[PDB]
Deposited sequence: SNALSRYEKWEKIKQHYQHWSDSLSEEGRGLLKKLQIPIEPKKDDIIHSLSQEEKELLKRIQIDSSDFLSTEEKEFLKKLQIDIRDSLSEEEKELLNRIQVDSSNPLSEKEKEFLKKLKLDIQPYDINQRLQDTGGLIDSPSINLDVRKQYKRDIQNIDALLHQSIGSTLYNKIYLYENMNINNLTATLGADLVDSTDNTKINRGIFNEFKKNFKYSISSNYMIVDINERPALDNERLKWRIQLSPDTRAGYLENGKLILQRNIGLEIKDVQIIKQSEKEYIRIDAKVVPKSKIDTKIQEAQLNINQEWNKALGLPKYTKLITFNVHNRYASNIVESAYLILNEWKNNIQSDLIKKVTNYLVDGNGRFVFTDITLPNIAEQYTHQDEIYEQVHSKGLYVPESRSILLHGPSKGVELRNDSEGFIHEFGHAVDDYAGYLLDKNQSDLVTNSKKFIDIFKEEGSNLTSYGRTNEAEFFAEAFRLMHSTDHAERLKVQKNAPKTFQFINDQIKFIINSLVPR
């Protein structure tokens, strides 16, 4: 092989292609590798001084609609204004921040592709910028026309280092052994691997020709074999950019040692994306048939959607089975059937996805304003009667995804309770005067996040009331007894409704 010969051999295979790039095609490939960050300068100059002042004083971490990267850029903003315990955010703070959110995003082509799963017409960004992305993406596709071919494809491996958290933030938090960081927690490793059979790249993978030693937080070391018709381009310093929309079969996942630290080897083979989409679609059919039976729904009913497009694809699929099983185990059968039938009556969905929730139609078709769209671990959208669950991310103070689902189902229970109460004036039961008063009293007795408003308080209480941990079910009865009773009352009220 030889690392250096391999490199020169691949470079030569693409030499005509490289020499052919215009300065425009060249600038585009660099824009793809290096996103154009927002200039913190311009940002602050566009604010009024009352907003400069307002921004400085906000508890940024107490936002439920901002990601970590976003929260961090705003603290770096907060401080540069200034160089010249967890109370719920105010109304005028939230409105301000929701709009500021739209002005601090990088122009990041690979990120736009990952967040949308390639559905780049999703109205989750400004239409002018949306077309820019599309122009760049179409141009890059056209550049990437030369396949790796029949000679090189089975004679080379390509490599990618990855952060575990890019696939699953929930497992990533505890994949490195806590008492020794050079070691992989064997139990977590078995779970990460058990349902990792295929993977989709909806963006342009940038891969190394020769394996590169891990940097900070790169415990995943992919080794990838291309197919002869995989299209790619040479990039300087020993790299290849691969075409978007490819499928990978996971051939082997192993713990391995490199320089006295432990790493996860992921061996993968490029296959046609369509082959993997067929597996996904088949599993969607399967899980709907299983759960239409269990719920006494017509067999052709479409209730569960796999909206799946990214690198941990197969786990998002297997995970939905578990999530729904825990849901079934910890919630009364009749409550489940009554509420789910209500959601089916409104064409609702359980959406399990690895794209960001603003790019889910059950959210965006009812939320025209981007400053009102939300990304998070989970969501209930009453206008479309759907529960949305984002696989890859980790919910704030959430053990697992099963608990997150139960919380969202809590929002659905609120919806249906208030509907039954007044079917002509459909409102949320937590908007009722009785519950409002309960909230002003007990509202601070459960989780910190339960303080936000009536709806979340209800959903947290509901979730805690159905925990597998008996201690938690009891802390609600003890610390929030009117809420406890109010909810069990809603539950009886729903279960006793007609057919």
Where the deposited sequence has no C-alpha coordinates (positions from 1, in order): 1 to 3, 88 to 102, 518 to 519
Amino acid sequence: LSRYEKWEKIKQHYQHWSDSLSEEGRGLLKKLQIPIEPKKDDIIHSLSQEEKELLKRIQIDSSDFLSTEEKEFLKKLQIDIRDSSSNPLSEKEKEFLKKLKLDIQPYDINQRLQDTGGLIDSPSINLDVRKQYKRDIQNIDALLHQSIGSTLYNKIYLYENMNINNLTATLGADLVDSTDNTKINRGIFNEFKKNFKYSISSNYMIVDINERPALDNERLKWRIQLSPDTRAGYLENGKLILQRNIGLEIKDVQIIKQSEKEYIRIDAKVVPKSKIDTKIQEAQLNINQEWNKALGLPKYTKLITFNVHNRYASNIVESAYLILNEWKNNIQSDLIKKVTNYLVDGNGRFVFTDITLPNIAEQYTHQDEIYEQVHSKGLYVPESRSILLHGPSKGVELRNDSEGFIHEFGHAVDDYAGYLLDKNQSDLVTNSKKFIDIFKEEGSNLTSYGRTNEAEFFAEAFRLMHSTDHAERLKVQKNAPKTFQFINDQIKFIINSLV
From here on, numbers count along this sequence of modelled residues.
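For clarity, a rigid core is taken as the largest C-alpha set superposing within 1.5 Å between two forms.
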Which of 114 to 122 and 97 to 105 lies farther from this form in 9 other deposited structures of this protein, as RMS of C-alpha positions after a rigid core fit: 97 to 105
Between 67 to 75 and 182 to 190, larger RMS Cα displacement in 9 other deposited structures of this protein after core fit: 67 to 75
Across other compared entries, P382 missing in at least a third: no
Missing coords for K251 in a third or more of other PDB entries: no
Of 285 to 293 and 241 to 249, the stretch whose C-alpha atoms average the higher B-factor in the entry: 285 to 293
Average Cα temperature factor in the PDB entry - higher stretch of 85 to 93, 219 to 227: 85 to 93
Residue with maximal Cα B-factor (values as given in the PDB entry) among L388, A169, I209, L143: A169
Criterion, highest CA B-factor; candidates, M465, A459, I43, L32: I43
CA B-factor ranking of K261, expressed as a third of its chain: highest
Chain thirds of CA B-factor: placement of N325: middle
Entry-reported Cα temperature factor of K275, expressed as the chain third it lands in: middle
Third of the chain's Cα B-factor distribution that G149 belongs to, per the entry: middle
Chain thirds of CA B-factor: placement of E236: lowest
